[PDB]
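*Asks:* Shown below is the structure under consideration.
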Amino acid sequence: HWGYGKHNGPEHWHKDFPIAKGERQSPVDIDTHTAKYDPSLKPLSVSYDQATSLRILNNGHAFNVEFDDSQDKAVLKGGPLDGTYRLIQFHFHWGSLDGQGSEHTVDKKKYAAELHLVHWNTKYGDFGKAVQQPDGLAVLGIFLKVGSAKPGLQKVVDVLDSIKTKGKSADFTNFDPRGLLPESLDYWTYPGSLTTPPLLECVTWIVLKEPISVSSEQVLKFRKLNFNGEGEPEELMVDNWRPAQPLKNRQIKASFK
Ligand SMILES: NS(=O)(=O)c1cccc(NC(=O)NCCCCO)c1
Ligand SMILES: NS(=O)(=O)c1cccc(NC(=O)NCCCCO)c1
Ligand SMILES: [Zn+2]
């Protein structure tokens with residue numbers, strides 16, 4: 001199907017998903033000198049205290065930690081957003097080498113990985129409806145650099161052995177996503193898309209300025225996952241990132257001077 005290989009990777013996706021060449025595709029390079037400070041942007045409101053994680057799933061392109069989104073338990077509000085967006089899942093994109101892995105770039109710099117906390121706009125009732133709307137999703141993107149370990153990531157790292165291959169899932173309750181956030185909620189924001197097929201143009205991107213640091217051992221454990229299913233030839237799940245796409249008629253806004 002689509003993937004990240006030589007014959008089915010990002011440069012092939014437009015053949016099945018013509019919106020890949022659309023007007024608001026993601027990710028993009030964030031040119032920090034060209035981003036415009038907008039003093040009218042509100043602080044983000046991240047309300048994760050009642051979050052209910054349920055499960056972790058290897059879907060063959062990343063792993064998703066999924067949450068109960070049937071009530072307003074973990075929500076993102078404020079910032080550029082109107083209304084309330086519910087956390088449905090988070091996942092990461094990462095590299096085969098510490099010098100690559102992020103989807104967004106900052107002044108062309110690539111980070112080792114990028115966390116996506118995915119939220120949907122409650123006025124659309126469910127995630128499947130929301131992805132059909134230009135303001136249907138808000139994805140909070142957080143860069144990962146390699147250095148000190150991130151203690152709040154370790155429970156994720158340690159369960160990965162149980163979901164090595166595509167289609168495997170494991171119970172993953174009581175995980176607190178607040179342990180994945182940096183100190184500052186300063187952010188850049190722009191209208192964009194899902195970064196994997198179907199590449200729908202439904203995302204308000206909110207990318208935090210401050211990266212989190214994770215250890216080399218933590219990211220090494222991401223790289224032991226597999227894209228394939230069990231009993232299929234082993235292909236390490238690495239370099240599951242889409243490169244930067246043209247900014248076209250968009251302006252990136254910054255919440256900070
Ligand atoms: N990236 S994409 O336009 O969705 C794309 C490009 C090239 C091939 C495919 N899909 C397939 O080849 N599916 C057949 C799977 C054969 C694996 O043994 C999808
Ligand atoms: N990478 S991202 O822009 O945060 C994002 C967020 C939510 C959904 C998606 N894309 C998908 O789920 N695509 C479906 C992939 C095949 C089913 O596993 C991407
Ligand atoms: Zn993603």
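Values in this text are rule-based calculations from the coordinates and carry no lab data. Because the Cβ atoms are built from the backbone with ideal geometry, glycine has one as well, and the counts that use them run over all protein chains shown.
*Asks:* In a strand (DSSP E or B), under 18 Å from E217 (Cβ atoms) and in contact with a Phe, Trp or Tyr (Cβ under 8 Å, 6 or more places away or on another chain): does that describe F92?
*Replies:* Details: in a strand (DSSP E or B): yes; under 18 Å from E217 (Cβ atoms): yes; in contact with a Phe, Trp or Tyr (Cβ under 8 Å, 6 or more places away or on another chain): yes.
Yes: the conditions hold for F92.
*Asks:* Please verify whether the range 24-39 includes one or more residues that are within 16 Å of ligand 1 (Cβ to nearest atom) and buried (at least 18 other Cβ atoms within 10 Å of the Cβ). Write out each step before concluding.
*Replies:* Residues of the range 24-39 within 16 Å of ligand 1 (Cβ to nearest atom): 25.
Remaining after also requiring buried (at least 18 other Cβ atoms within 10 Å of the Cβ): 25.
Yes, there is a match, as at least one residue in the range 24-39 is within 16 Å of ligand 1 (Cβ to nearest atom) and buried (at least 18 other Cβ atoms within 10 Å of the Cβ).
*Asks:* Suppose we keep only residues that are over 23 Å from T32 (Cα atoms) and part of a strand (DSSP E or B) within the range 157-211. Which one would you say is farthest from ligand 2 (Cβ to nearest atom)?
*Replies:* Checked the range 157-211; the qualifying residue farthest from ligand 2 (Cβ to nearest atom) is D171.
*Asks:* Within the range 113-136, is there a residue that is touching a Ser or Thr at 6+ places or on another chain (Cβ under 7 Å), among the aromatic types (F, W, Y) and in a strand (DSSP E or B)? Give the derivation first.
*Replies:* Just the residues of the range 113-136 that are touching a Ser or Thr at 6+ places or on another chain (Cβ under 7 Å), to begin with: 113-114, 122, 135.
If we keep only those that are among the aromatic types (F, W, Y) as well, we get none.
Scanning the range 113-136, I find no residue that is touching a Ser or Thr at 6+ places or on another chain (Cβ under 7 Å), among the aromatic types (F, W, Y) and in a strand (DSSP E or B), so the answer is no.
*Asks:* Based on this model, can you work out whether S26 counts as within 16 Å of ligand 3 (Cβ to nearest atom) and either among the polar types (S, T, N, Q) or without any contact (Cβ under 8 Å) to a residue 24 or more places away in the chain (or both)?
*Replies:* Values: within 16 Å of ligand 3 (Cβ to nearest atom): yes; either among the polar types (S, T, N, Q) or without any contact (Cβ under 8 Å) to a residue 24 or more places away in the chain (or both): yes.
Here the answer is yes, as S26 does meet what is asked.
*Asks:* Sticking with this structure for a sec: Looking at the range 98-112, I want the residues that are over 16 Å from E217 (Cα atoms) and assigned to a loop (DSSP other than H, G, I, E, B) and have a partner that is within 16 Å of ligand 1 (Cβ to nearest atom) and β-branched (V, I, T) with Cβ atoms under 6 Å, at least 6 apart or on another chain. Which pairs are those?
*Replies:* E103/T195
*Asks:* While we're on this one: Based on what the data block shows, is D158 over 19 Å from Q218 (Cα atoms) and away from ligand 1 (no atom under 16 Å from the Cβ)?
*Replies:* On the way: over 19 Å from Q218 (Cα atoms): no; away from ligand 1 (no atom under 16 Å from the Cβ): yes.
Against the criterion (over 19 Å from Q218 (Cα atoms) and away from ligand 1 (no atom under 16 Å from the Cβ)), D158 does not qualify.
*Asks:* Output the number of residues of the range 192-211 satisfying the condition of being under 17 Å from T105 (Cα atoms) and within 16 Å of ligand 1 (Cβ to nearest atom).
*Replies:* 4
*Asks:* Filter the range 34-62 for residues that are free of Cβ contacts under 8 Å to residues at least 12 places away in the same chain and touching a strand residue (DSSP E or B) at 6+ places or on another chain (Cβ under 6 Å) and give the result.
*Replies:* none
*Asks:* Identify, please: which residue in the range 212-239 is small (G, A, S) and in a loop (DSSP other than H, G, I, E, B) and is, among those, farthest from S184 (Cα to Cα)? Explain how you work it out, then say what you get.
*Replies:* At the first step, the residues of the range 212-239 found to be small (G, A, S) are 213, 215-216, 229, 231.
This time we only want the ones that are in a loop (DSSP other than H, G, I, E, B), so: 215, 229, 231.
Values: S215: 20, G229: 39, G231: 44 Å.
Ranking the qualifying residues of the range 212-239, first place goes to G231.
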